[PDB]
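Novice: If you scroll down you'll find the structure; I have some questions about it.
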Amino acid sequence: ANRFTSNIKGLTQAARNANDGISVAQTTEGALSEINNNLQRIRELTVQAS
Amino acid sequence: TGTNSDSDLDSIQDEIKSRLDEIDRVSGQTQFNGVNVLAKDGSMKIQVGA
């Protein structure tokens, strides 16, 4: 029973960590998209200046 | 023609000179948004392909 409950608690904590990693990935994706917008604007401005 | 004398020819001559001066003026003073078009032999490139 002790082995069982240790494994169960570990699995719960691991699921929590996975959710946290998902949140980190979402934040990084938001930042990357924010940079992508400026990159596209620079692309258009360079096309205008060419 | 030969019916006009030198006194009659000077008028045609100075009219031609004034016309040539106007030609030079309009050739040297025409510009589009700050860049001239009749002063240099350089070519212009228009980015039309993205």
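Naming works like this for the structure tokens: A, B, ... for the chains as they're shown, residue 1 at the start of each chain, ligands 1 onward in shown order.
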Which residues in chain B does DSSP call strand (DSSP E)? List them as JSON, numbers by chain.

Specialist: {"B": [31, 32, 35, 36]}

Novice: Would you list which chain A residues are within 8 Å of chain B using only C-alpha atoms, as JSON, numbers by chain?

Specialist: {"A": [47, 48, 50]}

Novice: Suppose you want the space between atom CA of residue A:27 and atom CA of residue A:11; what is it in Å?

Specialist: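 Interatomic distance here is 24.7 Å.
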
Novice: For the helix (DSSP H, G or I) assignment from backbone DSSP, which residues of stretch 7-45 of chain B qualify? Please present them as a ChimeraX atom specification.

Specialist: /B:7-28

Novice: Quick one: write out the picked residues with C-alpha atoms as a PDB file, in the first residue's frame?

Specialist:
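File produced: result_16.pdb:
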```
ATOM      1  CA  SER B   7      16.117  92.962 -89.673  1.00  0.00           C
ATOM      2  CA  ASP B   8      13.201  90.572 -90.180  1.00  0.00           C
ATOM      3  CA  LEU B   9      15.428  87.568 -89.435  1.00  0.00           C
ATOM      4  CA  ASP B  10      16.653  88.786 -86.042  1.00  0.00           C
ATOM      5  CA  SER B  11      13.096  88.542 -84.703  1.00  0.00           C
ATOM      6  CA  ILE B  12      12.732  84.895 -85.706  1.00  0.00           C
ATOM      7  CA  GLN B  13      16.210  84.268 -84.309  1.00  0.00           C
ATOM      8  CA  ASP B  14      15.552  85.724 -80.872  1.00  0.00           C
ATOM      9  CA  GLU B  15      12.200  83.943 -80.713  1.00  0.00           C
ATOM     10  CA  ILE B  16      13.978  80.648 -81.412  1.00  0.00           C
ATOM     11  CA  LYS B  17      16.538  81.507 -78.732  1.00  0.00           C
ATOM     12  CA  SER B  18      13.814  82.220 -76.169  1.00  0.00           C
ATOM     13  CA  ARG B  19      12.108  78.939 -77.055  1.00  0.00           C
ATOM     14  CA  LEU B  20      15.375  77.032 -76.603  1.00  0.00           C
ATOM     15  CA  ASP B  21      15.935  78.723 -73.244  1.00  0.00           C
ATOM     16  CA  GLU B  22      12.440  77.665 -72.183  1.00  0.00           C
ATOM     17  CA  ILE B  23      13.219  74.113 -73.318  1.00  0.00           C
ATOM     18  CA  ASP B  24      16.343  74.055 -71.154  1.00  0.00           C
ATOM     19  CA  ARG B  25      14.432  75.518 -68.205  1.00  0.00           C
ATOM     20  CA  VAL B  26      11.619  72.966 -68.332  1.00  0.00           C
ATOM     21  CA  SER B  27      14.170  70.189 -68.844  1.00  0.00           C
ATOM     22  CA  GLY B  28      16.103  71.224 -65.749  1.00  0.00           C
TER      23      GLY B  28
END
```

Novice: What is the atom CA of residue A:19-atom CA of residue A:31 distance in Å, reported with one decimal?

Specialist: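 Here the two named atoms are 18.8 Å from each other.
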